[PDB]
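Residue numbers (full-length UniProt numbering), protein chains in the order written: chain D, 14 to 1024; chain C, 815 to 1024. Note sheet for the following structure.
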Amino acid sequence: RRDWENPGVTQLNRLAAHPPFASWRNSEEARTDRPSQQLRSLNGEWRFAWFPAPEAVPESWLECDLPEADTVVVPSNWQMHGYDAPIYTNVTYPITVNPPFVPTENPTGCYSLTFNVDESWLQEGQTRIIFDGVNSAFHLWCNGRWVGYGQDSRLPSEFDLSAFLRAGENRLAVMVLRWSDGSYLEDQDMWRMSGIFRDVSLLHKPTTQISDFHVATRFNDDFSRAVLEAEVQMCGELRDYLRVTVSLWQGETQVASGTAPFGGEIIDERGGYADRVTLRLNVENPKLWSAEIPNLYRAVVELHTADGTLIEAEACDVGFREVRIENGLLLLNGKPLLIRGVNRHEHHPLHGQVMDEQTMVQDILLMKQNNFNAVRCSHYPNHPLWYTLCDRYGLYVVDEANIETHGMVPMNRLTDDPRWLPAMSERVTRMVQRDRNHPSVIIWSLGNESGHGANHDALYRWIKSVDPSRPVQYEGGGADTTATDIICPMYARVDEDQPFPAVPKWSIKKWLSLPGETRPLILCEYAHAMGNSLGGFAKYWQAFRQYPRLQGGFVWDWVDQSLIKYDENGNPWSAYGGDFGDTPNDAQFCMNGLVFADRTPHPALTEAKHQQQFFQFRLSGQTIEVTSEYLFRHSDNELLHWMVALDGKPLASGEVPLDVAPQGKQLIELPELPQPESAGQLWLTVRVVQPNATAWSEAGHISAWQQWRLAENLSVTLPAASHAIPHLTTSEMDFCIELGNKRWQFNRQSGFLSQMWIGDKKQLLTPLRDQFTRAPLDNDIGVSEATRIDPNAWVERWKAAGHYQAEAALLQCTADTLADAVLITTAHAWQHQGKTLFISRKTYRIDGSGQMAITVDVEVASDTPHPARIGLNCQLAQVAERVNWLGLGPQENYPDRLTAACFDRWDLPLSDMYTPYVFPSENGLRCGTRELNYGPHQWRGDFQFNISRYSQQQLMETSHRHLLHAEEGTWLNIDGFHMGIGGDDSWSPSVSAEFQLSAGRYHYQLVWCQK
Amino acid sequence: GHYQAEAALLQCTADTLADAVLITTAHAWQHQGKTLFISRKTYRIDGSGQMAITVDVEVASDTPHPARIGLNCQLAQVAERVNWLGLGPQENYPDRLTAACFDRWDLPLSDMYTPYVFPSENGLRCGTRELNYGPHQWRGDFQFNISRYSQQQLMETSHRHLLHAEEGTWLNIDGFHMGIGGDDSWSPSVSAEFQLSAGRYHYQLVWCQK
Ligand SMILES: O=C1O[C@H](CO)[C@H](O)[C@H](O)[C@H]1O
Ligand SMILES: [Mg+2]
Ligand SMILES: [Mg+2]
Ligand code: NA
Ligand code: NA
Ligand code: NA
Ligand code: NA
Ligand code: NA
């Protein structure tokens, strides 16, 4: 019947969805949430055979194992085993758009397993099998007999196997299809894989069982009282002796308990649900749940006979919290939330889309350590364990239905079609039915990028109906349609409007006050972290803090979707779109994370951690005002550490206990600071330290920090008198200056410093020249589809203007001998096709002390696209182990992404001055640098710089970091000015005007000498 | 002490180039043992009779942002016309110059002074690349005001009718000038982007025969 090409058939014989069950037969075990003998796992070694299409599968496979099959591990994505290639496409579907049809050549994975079943399981009760995740559709067989069918890759499919099993050995046969009508609703921007990627288990339930249960918590005005209501549903033999007891626990103390027989209240003319009961438990002064303090209670639901016989027990963690929208604000337990969130896909560089506990824990610890308090399940229900973890560690969650039809034209072609309503409703309803009891979930999402159709409105209402405790949001069709309680745009900018027809992305500040608008605004996606990005991140957070109704957003996104491949030597390297023969593909657009696939942070993570701090500071004289942005907890594990340093030199320091109530303030007056002797700038640096370890951080953890410039005493003392006088030697070809063991050589043909000698060794491999370009960042390339080349992208404008091809034309090069120095004056003009782009005028003054003062003045044609940078570069002949500097650091920082960096004395190994972005680009820059030390060299002034073994040219010509090769010597790029990196999105110019080098005339000066 | 600051010479040297004389100077402005600003300059006079003045200023970060960063002098001559290539023709400042247009403007010297009843800095014109007055010509990228009244007199006179034209012509040429503000006139109202807080500034002017 080809059910995989019929949106009308999304399952066959599948059991109803419900909350996590373990069918404990002992209440104490359910209370402690210990393992259940009634719940077995079938994960492990299975048999697998790949086929080009289902019609290729031999009939024998249903009854007997295939010799050609191999033994592989499950869960797993078969692309991760090499049976076929994983495909990375963003918007464009991986198959021809001809709904509900899929390619005749449909990759088919035949999984099979021989397992044992204890006769005890078949003598009573019900035995079902559960597939937590199968991509994308499958047929099931047990001992040769067809069982059922299922679709939707992100929610569990359950089947009753009671009448198929036999005591002893049994054999399952699962035929998984890569493509199905279900694929049309799974066009998320990620790797397209397939197989049984989530747990497979066997559950045993009594004939008379708990088939479903809902837990709700209502509160009085001040949350000093609560009522926990638990609706429990049963199946099987309904009798007067049956009872349900719901007891609530706080540790080993039972705080509440209620018992009752079945038979709900009357609801209509036909009566009520005789197979249901609702228990109501009163709880005084309940401990409230939040990401700040994840207080949890344990609820045990016991199905039993009135006289004391337990039939079965189920249970869940209960988080007492109220989520409601009032007067335009999203409130948690009555307080306005400030969502510090991030989008997180389920990705692993080695295992694909298979998740494991360790990876989940690592992510959560890293997220909380970096001040995140929320996560969005982009763009499908997650692995069941994820929610449990979020409940226990404390993270607000946006549970999103597995629905995305981005490739359709228009985007809502299927979501506005009533014939697709059935398939869609199952993706929404089954999600809610599964996760409604998790306190961590505070908002339901109808899916992602599927336009806005009537089906969305229908399902929006369905949820409001069945679960009035959680707000419902959906961004499609404009981000503010009738299908969302929250204005949830993606990449809407802070101050700039993007008036797209039909679906404009207004400036978020302006969006809130549009006539008639009252809803709160929380971006479902913003600050695209693709490669060297997150510029302008601070601008969002300043707005979030100033506008009550701007309540945050979810950064896009958590981790690069890169996969590991191996070279001929068996060495691993990160791969992206197209690296597996997959085509069409969207190359590196699958890597947009704050951390690498292996979870190593990207420089942008620190910027996020800083802007998302929970403590705000203000300075007034000797007083530091600390404000808490916590809504519930007190600062009971925080101490303030302060330090005053003069140009990196520690003068004073100390620590003060932090004792601020949520939303409160605390004043801390610093001691009488001693007026410094030396000249220079005094800097005050404060940091919040967590003395004690927690469940998510180690002792000493730094959660916040801030810097301030204090007093400054400008140096008015003239340096000592020079002993010698530099000597000039002229030739038609050069101007050579000598002073002791030091020598400078200027080429009279090029007009550049071509060499220097410190002692008996040369210092340059390449002449010191002007640089007005940079290896393009992903934000400069600005493309989200490897097929669209936006001529408006910065890289395209620089290329068309000739910035990368302009050649320096010498206009002047003269030498002058002064009383105590030699002066070299030069002027160059860079041109492209008779067009003068830049003009650089310099002077090099080498005096008797051995120092070279380089004064640079540049003119940039007002009509040429603003340049990426304005500085100099050269390849030093030597390679040193350390890089020392007085400026912003220690990590990479750019003009629009440097609030996190601190001014101080930093010292790192050369390697740390290079950021390993998978797709190479300008990187490792450090700004606000007053002094740079490398080997025998020292540069002084006020500049930005990056130093490494890779030239801008190599970075520019290389697609993968693993293909880079250290060049001889060290490449140095010292800029007087550098363009912002942007990142509001990576498919259009996103660098704010204030970070564009548009001044027309620039000036900077550097002093080069020996250390 | 900005109104008290005293120029204290730190350096003053002379050098002869192939076709010019280079005067290098350095000054420090202090008050109560505190260096407010450091002005470093070079003067280059070439054979064409042009004096190129390069100025680099340091402003202590802990001192309030200065009202302006420039040079001034009282010219002996009194011409009746003022010609310049820049924003105009009317008085305009950094945060109030959108209405002015870049072009060649020529007005009588009086028009270069705004008669506010309560005297104060006035008549400035921004984004100027060339200014002509009598036999003088100034080129660069600066703001300037020119009139018969010194900033000192304007600052000491409460009513405009009490102002007296001084001998010669006072010239104020600024590489940078602070915004005037106005959101209200009873509290700091000059927006951050219009405050001279960069710490380090640089500008260049060329003085020559008209
Ligand atoms: O709009 C979006 O932008 C992201 C770009 O990386 C990614 O494709 C998300 O899934 C999509 O919702
Ligand atoms: Mg179907
Ligand atoms: Mg998409
Ligand atoms: Na807000
Ligand atoms: Na992407
Ligand atoms: Na504390
Ligand atoms: Na590249
Ligand atoms: Na006055």
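Heads up, the beta-carbon is just placed ideally off N, CA and C, and yes, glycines get one too.
Open item on the list: With a threshold of 7 Å (Cβ to nearest heavy atom), would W433 of chain D be considered close to ligand 2?
Closed with: Exclusion of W433 of chain D from the 7 Å shell around ligand 2 follows from its C-beta lying no nearer than that to any non-hydrogen atom of the ligand.
- [ ] Report yes if the C-beta of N705 of chain D is less than 7 Å from at least one heavy atom of ligand 6; otherwise report no.
- [x] For ligand 6, not one heavy atom lies less than 7 Å from the Cβ of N705 of chain D.
- [ ] Please list, following the chain, all residues that have a C-beta closer than 7 Å to any non-hydrogen atom of ligand 3.
- [x] Every residue passing the under-7 Å Cβ criterion appears here: D:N103, D:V104, D:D200, D:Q201, D:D202, D:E417, D:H419, D:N461 and D:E462.
Open item on the list: Please give me, in chain order, every unbroken run of the beta strand (DSSP E) with length at least 3 that falls completely inside the region 768-810 of chain D.
Closed with: Complete beta strand (DSSP E) runs here, min 3: 777-784.
Open item on the list: Does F759 of chain D pass the burial test, meaning 16 or more other C-beta atoms within 10 Å, or should it be called exposed?
Closed with: Counting the other Cβ atoms within 10 Å of the Cβ of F759 of chain D gives 16 or more, which makes it buried.
Open item on the list: Following a CB-centred definition, is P929 of chain D positioned closer than 7 Å to any heavy atom of ligand 7?
Closed with: No, Cβ of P929 of chain D sits at least 7 Å from all heavy atoms of ligand 7.
TODO: Report yes or no: is there a C-beta of chain C within less than 8 Å of the C-beta of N340 of chain D?
DONE: For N340 of chain D, the answer is no, since every Cβ of chain C falls outside 8 Å of its Cβ.
Task: Same chain, Cβ closer than 6 Å to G693 of chain D, five either side skipped, listed in chain order - done: Here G693 of chain D has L659 and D660 as same chain residues with Cβ atoms under 6 Å from its own Cβ, once five neighbours each way along the sequence are excluded.
Open item on the list: If the cut-off is 8 Å on Cβ atoms, which residues from the region 820-839 of chain D count as contacting chain C, listed in chain order?
Closed with: Cβ contacts with chain C: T827, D829, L831, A832 and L836.
Open item on the list: If distances are taken between C-alpha atoms only, which option among D:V441, D:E690, D:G321 and D:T23 comes closest to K662 of chain D?
Closed with: Checked all of D:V441, D:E690, D:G321 and D:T23; the closest Cα to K662 of chain D is D:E690.
Task: Chain-ordered chain D contacts of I852 of chain C [CB-CB under 8 Å] - done: Those are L727 and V729, listed as they occur along chain D.
Open item on the list: Using beta carbons (cut-off 8 Å, strictly below), is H879 of chain C in contact with chain D?
Closed with: No, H879 of chain C lies away from the interface with chain D (no Cβ there is under 8 Å from its Cβ).
Open item on the list: Could you check whether the Cβ of residue 1048 of chain C sits closer than 7 Å to any heavy atom belonging to ligand 8?
Closed with: Given a span of 815 to 1024 for chain C in the structure shown, any question on residue 1048 of chain C remains unanswerable.
Task: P20 of chain D: CB within 7 Å of a non-hydrogen atom of ligand 2 - done: Yes; taking the cut-off as 7 Å, the Cβ of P20 of chain D has a heavy atom of ligand 2 nearer than that.
- [ ] Check each candidate in C:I837, C:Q844, C:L889 and C:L824 and name the one with the smallest Cα separation from residue 811 of chain C.
- [x] No answer is possible for residue 811 of chain C: the residues shown for chain C start at 815 and end at 1024.
- [ ] Return the chain-ordered list of same chain residues with a C-beta closer than 7 Å to the C-beta of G764 of chain D, the five sequence neighbours on each side being excluded.
- [x] Hits under 7 Å: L823, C826, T839 and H841.
- [ ] Report the three-state DSSP secondary structure of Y96 of chain D (helix, strand or coil).
- [x] Coil.
- [ ] Tell me, to the nearest whole angstrom, how far the beta carbon of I867 of chain D is from that of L752 of chain D; I am working on the premise that it is less than 8 Å.
- [x] Incorrect: roughly 16 Å between the Cβ atoms, too far for contact.
TODO: Using only the heavy atoms of ligand 5, determine whether one of them is closer than 7 Å to the beta carbon of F602 of chain D.
DONE: Taking 7 Å as the cut-off, one finds at least one heavy atom of ligand 5 near enough to the beta carbon of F602 of chain D.
Open item on the list: Using CA atoms only, rank isn't needed, just tell me which of D:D917, D:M203, D:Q136 and D:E905 is closest to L923 of chain D.
Closed with: The candidate whose alpha carbon is nearest that of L923 of chain D is D:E905.
Open item on the list: Using a Cβ-Cβ cutoff of 7 Å, what residues of the region 962-988 of chain C are near chain D? List them in chain order.
Closed with: Residues of the region 962-988 of chain C with a C-beta less than 7 Å from any C-beta of chain D: none at all.
Task: Within 8 Å, strictly: CB atoms of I738 of chain D and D833 of chain D - done: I738 of chain D places its beta carbon less than 8 Å from that of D833 of chain D.
Open item on the list: Could you check whether the Cβ of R1014 of chain C sits closer than 8 Å to any Cβ belonging to chain D?
Closed with: Taking Cβ atoms only, chain D reaches closer than 8 Å to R1014 of chain C, which makes this a yes.
Open item on the list: Under DSSP, the beta strand (DSSP E) around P435 of chain D begins and ends at which residues?
Closed with: Annotation for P435 of chain D: no beta strand (DSSP E) segment contains it, though the alpha helix (DSSP H) segment containing it runs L434 to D448.
Open item on the list: In the DSSP output, what is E41 of chain D paired with across the bridge?
Closed with: Looking at the DSSP output, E41 of chain D shares a beta bridge with no other residue.
Open item on the list: Taking its Cβ as the centre, do 16 or more other Cβ atoms sit within 10 Å of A492 of chain D, making it buried, or is it exposed?
Closed with: It is buried - the Cβ of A492 of chain D has at least 16 other Cβ atoms within 10 Å.
TODO: Kindly indicate if chain C contains any beta-carbon less than 8 Å away from that of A1006 of chain D.
DONE: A1006 of chain D does not count as touching chain C.
TODO: Taking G195 of chain D as the reference, give the member of D:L216, D:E182, D:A150 and D:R184 with the closest Cα.
DONE: Among D:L216, D:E182, D:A150 and D:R184, the Cα nearest to that of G195 of chain D is on D:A150.
- [ ] Below 8 Å between beta carbons is the criterion; list the residues of the region 866-899 of chain C that meet it against any residue of chain D, in chain order.
- [x] The region 866-899 of chain C vs chain D, Cβ under 8 Å: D870, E872, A874, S875 and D876.
Open item on the list: Buried or exposed for residue 1025 of chain D, going by 16 or more other Cβ atoms inside 10 Å?
Closed with: Shown here, chain D extends from 14 to 1024; a query on residue 1025 of chain D therefore has no answer.
Task: Chain-ordered neighbours of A658 of chain D on chain C, where CB pairs are closer than 8 Å - done: Within 8 Å Cβ-Cβ: nothing; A658 of chain D doesn't reach chain C, min ~15 Å.
- [ ] Return the residue from the list D:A414, D:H623 and D:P435 that minimises the CA-CA distance to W457 of chain D.
- [x] Closest by alpha carbon: D:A414.
Open item on the list: Can you confirm whether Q555 of chain D, when its beta carbon is compared against all beta carbons of chain C, has any partner nearer than 8 Å?
Closed with: Chain C, which has no Cβ nearer than 8 Å to the Cβ of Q555 of chain D, makes this no.
Open item on the list: When you compare the CB of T912 of chain C with every CB in chain D, is at least one pair closer than 8 Å?
Closed with: So, not an interface residue.
TODO: Give the interface partners of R722 of chain D over in chain C, defined as CB-CB distance under 8 Å, in chain order.
DONE: Residues of chain C passing the Cβ test: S875 and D876.
Open item on the list: On the DSSP bridge list, what partners appear for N295 of chain D?
Closed with: DSSP, once it has assigned bridges, lists D:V240 as partnering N295 of chain D.
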